[PDB]
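Q: One structure, pasted below without further comment.
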């Protein structure tokens, strides 16, 4: 295969004219020594914003279930929303209130929202407040029968 | 995007924003600074932009107020910072838009701070059902001579 | 496991440990943590 | 914070109340008290909020 | 909740470590360890988390569906080149929108 064959030389480019000007050279004269780095890049761990930490403190509905079910077993009677407010004044206040309404709707015992009953509650740093609530029957058997997945 | 530019009048021209100083007309901000990952920072400026959209669209020509007063937001702030959402509500204050907000049982302390009522909804199987609630700040005192 | 900002609570409730990643300029840094170590860091944030 | 909503109404058509009757899963009549100082609507996944 | 540790460790290999340097949205040398019995990773939305997930997947395929955590199940704005160079064009948005 490597045998040459008699074929014409067409497009015969001359090339690589050996002119001394074509000489350039290695120039390590640029004797740099680039950055070595192995530092352990730990940093401040807490800077991240607030709502992140609010979720870091988000309410747990299961412990709230424990509290409310114990409260309703103790009461052994239907309990309206304001009554719950004074019975166990929550810190995650309207959170527990919305969850309580969801319970009453999940629990079946009568739920009504056509009236205004009020309760005053203090938050996690004591700063106190007032609320406006409907009445509804929260009771031990109802919530106990229902599960709170 | 070429087809969008050629056919869509909106694409014919980009849209920008800048924060001015009322007292001199000077420029302070002209572009975003955090636009990637899954976070966001633009929301304070974009809040006032969206308020402009709705207030102008709801306002008669040159009226200081939008004649239609109410705005709604589904999922409202389940994706926005506390301060960002407060600024959103404040921007709605600038044109007085009575703002309504929704959330999937989240955004607690923010909604407490900036609104005064909520309507609780729950679904027992096929049935959904409402309730009405509100929270009033104490006129007597938050707590006398303490943090408020 | 991976999670957005929300819903970490159950992870605390249902996992041994956590790593955390930072956003700091166009630069991020990590941290290997235990849950209560994270709570103590949050307490240090609150106190300072 | 909420003042310009109280001023509103006198300025523009603001919304404070809602009712339903057999809409979606809302069987019977259901009602909602939106406040003149802003309101929220809170519910879990697939509650009827949307 | 957390206590199904039984089968782990014995039969299979279990991922508890990472070593990093000048990767993706990170810079300089970093390290970490996973808890052998379950772990989570937390941080601000847009806290390099997706990129750190990529850092694993790059060792475990020919070609990953890059940036997949932040970009769900499709071709993404970020690739090996960007992570290697630290490019964050779409992110900064107003600094140089390449920030190499």
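Q: How many percent of the alpha carbon pairs in segment A:1-95 exceed a separation of 16 Å?
A: Within segment A:1-95, distances greater than 16 Å cover 80 percent of Cα pairs.
Q: Once you order the gyration tensor axes a ≥ b ≥ c over the Cα atoms, which shape class does the protein assembly as shown get: rounded for a/c under 1.5, otherwise prolate or oblate by comparing a/b with b/c?
A: Here the protein assembly as shown falls in the prolate category.
Q: How far, in degrees from 0 to 90, does helix B:82-94 lean away from the longest principal axis of the Cα atoms of chain B, to the nearest 10?
A: The two axes meet at around 70 degrees.
Q: On to the next question. Going by how many other beta carbons lie within 10 Å of each one, how would you line up B:82, E:99, C:14, fewest first?
A: Fewest to most other Cβ atoms nearby, the residues stand as C:14, E:99, B:82.
Q: Here is a follow-up. Could you work out how far helix B:43-58 tilts from the main Cα principal axis of chain B, as a 0 to 90 degree angle to the nearest 10?
A: 90
Q: Express in whole angstrom the spacing between the alpha-carbon centres of segment E:52-74 and chain D.
A: 43
Q: Relative to the longest principal Cα axis of chain A, at what angle does helix A:61-75 sit, 0 to 90 degrees, rounded to 10?
A: 10
Q: A further question on this structure: Of the DSSP beta bridges with both residues in the protein assembly as shown, give the percent that are antiparallel, rounding to the nearest 5.
A: 60
Q: Quick one: A:99, E:53, fewest Cβ neighbours within 10 Å first, how do they rank?
A: Starting with the residue having the fewest Cβ neighbours, the order is E:53, A:99.
Q: With the cut-off at 1.5 for a/c, could you classify segment B:45-148 from its C-alpha gyration tensor as rounded, prolate or oblate?
A: Oblate.
Q: Quick check on the exposure proxy: order A:87, B:6 from fewest to most C-beta atoms within 10 angstrom.
A: B:6, A:87
Q: Taking a ≥ b ≥ c as the square roots of the Cα gyration tensor eigenvalues, with a/c under 1.5 meaning rounded and otherwise prolate when a/b beats b/c, else oblate, which class fits chain C?
A: oblate
No Cβ is skipped: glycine too gets one built from the backbone with ideal geometry, and neighbour counts run over all protein chains shown. Any read-out appearing in this document is the output of simple, stated calculations on the displayed coordinates, not a laboratory observation.
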